[PDB]
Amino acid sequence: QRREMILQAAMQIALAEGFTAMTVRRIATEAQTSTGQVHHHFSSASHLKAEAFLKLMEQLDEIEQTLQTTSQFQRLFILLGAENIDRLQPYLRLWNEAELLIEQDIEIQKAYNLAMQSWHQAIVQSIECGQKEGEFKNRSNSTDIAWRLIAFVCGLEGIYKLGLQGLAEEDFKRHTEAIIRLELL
């Protein structure tokens, strides 16, 4: 299909050069079609940016369910983006890129909340699976654990941006580890 071929075409340029490099001329050249055909398929320049982002976070989610995880503790560590595995930094960079564009773009803002809700229910599925298999304790509401876990990993990342003195950036995995043990172990 012509459309999905241009949908893909927006993904690798998004996954590599970023959002600002995703113009109709850039993706029509990379898809090797007329620019005219790109305006035909997609309703707007922003609509394509959001739909390339949403379908790419779904891609991130899809491979994220095909990892060799020893324990459910490991799977949840990856699910929080705290492991920073080798072939996932592109997708995580685009997620962080979309975090700043939600103020200026209404399409990107829509898809960001969409990916955030899917990220939450993916962690909710992680808490309930571990509890049903004996790996995790049942201390509190699974939904509430997931929101506090998301708030902590997003909050720890923000405190790292400030260049604070005394804090170590090598302790991100350690602090995330300790909070998970207190919540589920």
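Residue positions are given as counts along the sequence shown, with the first one as 1.
As the entry records it, the average C-alpha temperature factor is higher for 36 to 44, out of 130 to 138 and 36 to 44. Checked against the record, the higher mean CA B factor of 65 to 73 and 117 to 125 lies with 65 to 73. For residue 86, the recorded CA B-factor ranks within the highest third of the chain. Only modelled residues enter the ranking. Annotation for residue 106: CA B-factor lies in the highest third of the chain's modelled residues. When the CA B factors of the chain's modelled residues are split into thirds, the value for residue 26 lands in the highest one. Residue 185: CA B factor lies in the middle third for its chain, per the PDB record.
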